[PDB]
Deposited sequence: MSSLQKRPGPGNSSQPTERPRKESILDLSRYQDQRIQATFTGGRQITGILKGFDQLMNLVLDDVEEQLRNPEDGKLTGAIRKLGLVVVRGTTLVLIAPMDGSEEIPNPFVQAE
């Protein structure tokens, strides 16, 4: 919580962001999100879907 975390999705997609909230179904709210594409895209404030979320771990 308020920590920066990394997340991976069922599609293979990978992102990084600061955890701001979450619910019983594992939807998350992340701030300052960055998607690793070696490029990156900044996405800002996002809602992550627990339906494709696989992995959540601290930074690194």
**Q.** Missing stretches, numbered from 1 on the deposited chain sequence and kept in order
**A.** 1-31, 69-77, 101-113
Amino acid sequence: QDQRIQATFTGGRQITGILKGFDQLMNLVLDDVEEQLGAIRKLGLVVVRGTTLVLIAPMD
From here on, numbers count along this sequence of modelled residues.
Q | Mean temperature factor over C-alpha atoms, higher-scoring stretch between 47-55 and 12-20 | A | 12-20
